[PDB]
């Protein structure tokens, strides 16, 4: 596995495709899928969304040089904006000098909210629900033996109480569900529906919404990169000076929401195209990322940029990453399946980690460029 892309700026799209096909060991059928338009026939698209009358193409590029937890990975990106793919590739190249990106993940835990109205003693009812947690978990897991056998399923519950609202008290049960390699929305929505009668019995209330939370802060991807001054040095600027410029740009985003919005937008320039190319739901990843960015009480940067004790630049990111390898468009779209093969993905967690590293690299590309522009 080798993600270096020698001379890709000079190759034609056909030559880039043949190189990738060779590098990833794509079959002759998969190579054909890419060499002609229409990999998603309208008959397939017609079953994906409603009122289909055609298809809409995004350019599909590949970012090179990425290395994550010691393994090279080629990264397909479906996006319309110039500079994005080249900046990701270049920052990944610089990151190779320290051995690449280092990533980790929490378990793939999604929240399902069960909203209960009509309970006049919600704090006491919360204790009753928590006392019955084992029964509620068993009820949540009773319909999905396949997920259970994989090691997934509902693992825990939380209860949150909003005692004073314009609509009366609300008690909200969260089912915490390990969804393995799925995005998980339909799985956790169904579990929420399954536990509603039991929650109504325990609380005496009336269940209304039964729905996942897109603030997927129990399903986090993490990525870290370190670049020495010599790695960052250019003909015109020392690496030391570039590092100080990156730190000035980062602190600006940390203290000013007007800058943080642009700073985080740059991150999603890297993340969203990977999400789109793998057939995943880019609205869910956007909502989770930007909502997480405001968890402190102010909308701020999703990344951190620092200097370690020896003076090297260190970047880090932590953000919700609800993505899947199965289900939805990732199953039906022939090119989405091809994207997973190009990336050689083993789990949704791994896809989330690679995406977080691409977002971190994209952020660096923007900060480094903005700080070295004359």
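Numbering follows the first chain given and starts at 1.
- In this entry, the higher average B-factor at the C-alpha atoms falls on 7-15, of the pair 357-365 and 7-15.
- 164-172 and 275-283 differ in mean CA B-factor, and the higher of the two is recorded for 164-172.
- You'll see in the entry that, of 141, 115, 131, 294, the Cα B factor peaks at 141.
- Listed residues 314, 49, 321, 309 were ranked by CA B-factor as deposited; 309 comes out on top.
- Among all modelled residues in this chain, the alpha-carbon of residue 237 has a temperature factor (C-alpha) in the highest third.
- When the CA B factors of the chain's modelled residues are split into thirds, the value for residue 342 lands in the middle one.
- In this PDB entry, residue 193 carries a Cα temperature factor that places it within the highest third of its chain's modelled residues.
- Ranked by C-alpha B-factor against the other modelled residues of its chain, residue 184 falls in the highest third.
- When the CA B factors of the chain's modelled residues are split into thirds, the value for residue 58 lands in the lowest one.
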